[PDB]
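Peer 1: no sequence on this one, just coordinates:
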């Protein structure tokens, strides 16, 4: 047989459904999600890290002049300073006064911490969504294997093929450009490897951590050495990667809506709760027994003994039956008012059992089916005294959940007497029209 | 090894979580809501302060210090009672739906 329905996109709450093959005993089916990972497709454009400017030894040809070529180096610098007359240890360097030459070249390269901490720049594109489901049906125990969340690919769990339908929302928490620094990801724009504004993020850009081509503009400017010493000074703006580490805002795993938890190694966005997921499960024909070997109940009367508004299993109801024979048969409430904690019950000849439920209604008018037979339950509920708890709701809050019997009485008094007032005006209008017509002829 | 903050004193009111924080170092406290909008707060606590956070039925998640994050959900307790005189029915639905009964009356 095949049972198709739609489940909500919530993780810790199982979805209970009762398949109904006529002529066979019903089978209680329970589908529970474990994970929900939205995995986009990324490509790595470039990385970035703090630089380390290295200075070669300057040449001192100090009777004459020297010139340089243009070596291929990121942010390479040349200068010639004339008439320096330096003073090393053990006297002055050379005899020629007031005409000298010092080169003092410089060159920018990446540091040795770039292997440990760096920021990876990614462009994302919408990709696969997959999830892990824990399932059971009938007497089969819990067996789990992960599926693909698209309405095409079936997955064999146990002996039943499950086709998890597409999500109703196309929402993904990643913008088109993300930065992955260490443990957390961000939503930040790139200069796209061509430009670098020397102080914000792309002062140093490298395509791979071991790559040989480097982009570097750090405004490296050479400076004249002073007072007759051999050293090479320079001035440059600080690294923007070190500045980005100070000013970075909150990461994406702290501002994500719908309670998404962001993981890293395939760049998942795990356990979001948005939309709904349709299902379609093909159940094997060997899991159905004939109805002549199962209990069948009649004369059902349902009484609710205690009900509580809270979203904990505080609702209790006992019903009275008289089955045809002893055995086990499941229970289920198909309406959206209350969920049922129990899966199956053990029966006898003319006994009574109790089940625990959970509802968000003041007056639960739900019905439940036991042993392919339905019975309507009614009662009143009281609010709880706890204000904040640390578990999610088991039920679903509707629109007319909070309206009580006294509030319905005041609405019907208001609506009923308003229309009765305005109809009496319409009745009395048509009454004097007849007696004015009857005056003439 | 990084320092661990002292535990806050949590106090519960109707749709409000109150946190009494007594740190000894400048400590980061970041919260978010588990609904369709995150509405995120982020602040460094240096002196002993108290902060009140509004928790709806969707949830709230707060991280304090180097502790693991904790999630809290708000129930439907309320203040009035729905059965009774009209000065009690109106009060109960105002504490539950504060805007809908203003334009509903």
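Peer 2: Arrived safely. Numbers count the residues shown, from 1 in each chain, chains lettered A, B, ... in the order given.

Peer 1: can you list the residues of chain A near chain B?
Peer 2: A:250, A:254-259, A:273-274, A:309-311, A:360, A:362, A:383-393, A:397, A:402, A:404-407, A:410 (C-beta under 8 Å from any C-beta of the partner chain). C-beta here means a position set from N, CA and C on the backbone, and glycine is covered the same way.

Peer 1: Can you turn the buried part of those residues into a PyMOL selection?
Peer 2: Selecting only the buried entries of the residues of chain A next to chain B in PyMOL, with 16 or more other C-beta atoms under 10 Å in any protein chain shown as the criterion:
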select buried, chain A and resi 250+254+255+256+257+258+259+273+274+309+310+311+360+362+383+384+387+388+389+392+393+402+404+406+407
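
Peer 1: Could you pick out which of the residues of chain A next to chain B are located in helices?
Peer 2: If you go by DSSP state H, the residues of chain A next to chain B have A:254, A:255, A:405, A:406, A:407, A:410 in helices.

Peer 1: ok, residue A:59 - how many residues close by?
Peer 2: As a burial measure, residue A:59 scores 13 neighbours (other C-beta atoms under 10 Å in any protein chain shown).

Peer 1: what do you get for the one 10 residues further on?
Peer 2: Residue crowding around residue A:69 was assessed by other C-beta under 10 Å; the count is 6.

Peer 1: Can you tell me how far it is from chain B?
Peer 2: Here the distance between residue A:69 and chain B works out to 51 Å (C-beta to the nearest C-beta, to the nearest Å).

Peer 1: May I see the buried residues of stretch A:132-142?
Peer 2: Within stretch A:132-142, the residues that qualify as buried are A:133, A:135, A:136, A:137, A:138, counting by 16+ other C-beta under 10 Å.

Peer 1: Tell me what the third one is bridged to.
Peer 2: Translated: residue A:136. Following DSSP bridges, residue A:136 is listed with bridge partners residue A:30.

Peer 1: Check whether it really touches residue A:157, as I assumed.
Peer 2: No - the criterion here is C-beta atoms under 8 Å, and residue A:136 misses it with residue A:157 at 9.8 Å.

Peer 1: Can you check which residues contact both of the two?
Peer 2: Contact criterion C-beta atoms under 8 Å, 6 or more residues apart in numbering or on different chains; residues shared by residue A:136 and residue A:157: residue A:143.

Peer 1: What are the boundaries of the helices in chain B?
Peer 2: Counting by DSSP H, chain B has helices at residues B:86-96, B:100-104.

Peer 1: Now render these as TSV, adding mean neighbour count.
Peer 2: Below are the helices of chain B laid out as TSV (neighbours: other C-beta atoms under 10 Å in any protein chain shown):
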stretch	mean neighbour count
helix B:86-96	16
helix B:100-104	10
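
Peer 1: Distance to residue A:332 added to those, as JSON lines?
Peer 2: Below are these laid out as JSON lines (distance: least, C-beta to C-beta, whole Å):
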{"stretch": "helix B:86-96", "distance to residue A:332": "30"}
{"stretch": "helix B:100-104", "distance to residue A:332": "33"}
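
Peer 1: and of those, who's closest to chain A?
Peer 2: For chain A, the closest of these is helix B:86-96, at 5.9 Å, according to C-beta to the nearest C-beta.

Peer 1: ok, and what's touching that closest one?
Peer 2: Under the criterion C-beta under 8 Å, 6+ apart, residues A:402, A:404, A:406-407, A:410, B:14, B:76, B:78-83, B:100-102, B:105 lie in contact with helix B:86-96.

Peer 1: Show me where the stretch 101-250 of chain A has its strands.
Peer 2: A:101-102, A:107-110, A:119-125, A:129-137, A:140-148, A:155-157, A:160-162, A:177-181, A:184-187, A:204-206, A:214-216, A:221-222, A:234-235 (DSSP state E, counting those that start in this stretch).

Peer 1: Let me know which of these is tucked in deepest.
Peer 2: Mean neighbour count (mean count of other C-beta atoms under 10 Å in any protein chain shown) peaks for strand A:204-206 among the strands of the stretch 101-250 of chain A, with a mean of 25.

Peer 1: what pairs with residue A:358 across the strands?
Peer 2: Taking DSSP bridges as the rule, residue A:358 bridges to residue A:339.

Peer 1: That one against residue A:395, yeah?
Peer 2: Yes - the pair residue A:358 / residue A:395 is scored as a contact, 5.4 Å apart, by C-beta under 8 Å.

Peer 1: what residues do the two have in common as contacts?
Peer 2: Common contacts of residue A:358 and residue A:395 (C-beta under 8 Å, 6+ apart): A:311, A:338, A:339.

Peer 1: Excluding chain neighbours, what is closest to the second one?
Peer 2: Read it as residue A:338. Counting by C-beta to C-beta, 6 or more residues apart in numbering or on different chains, residue A:359 is the residue found nearest to residue A:338 once chain neighbours are left out, at 3.9 Å.

Peer 1: cool, the first one as well?
Peer 2: Distance criterion C-beta to C-beta, 6+ apart; nearest residue to residue A:311, sequence neighbours excluded, is residue A:393 at 3.8 Å.

Peer 1: how many other residues sit next to the residue nearest to residue A:338?
Peer 2: Neighbour count of residue A:359, defined by other C-beta under 10 Å: 29.

Peer 1: Tell me the spacing between it and chain B.
Peer 2: Counting by C-beta to the nearest C-beta, the separation of residue A:359 from chain B is 12 Å.

Peer 1: cool, and residue A:72?
Peer 2: Distance of residue A:72 to chain B, computed by C-beta to the nearest C-beta: 44 Å.
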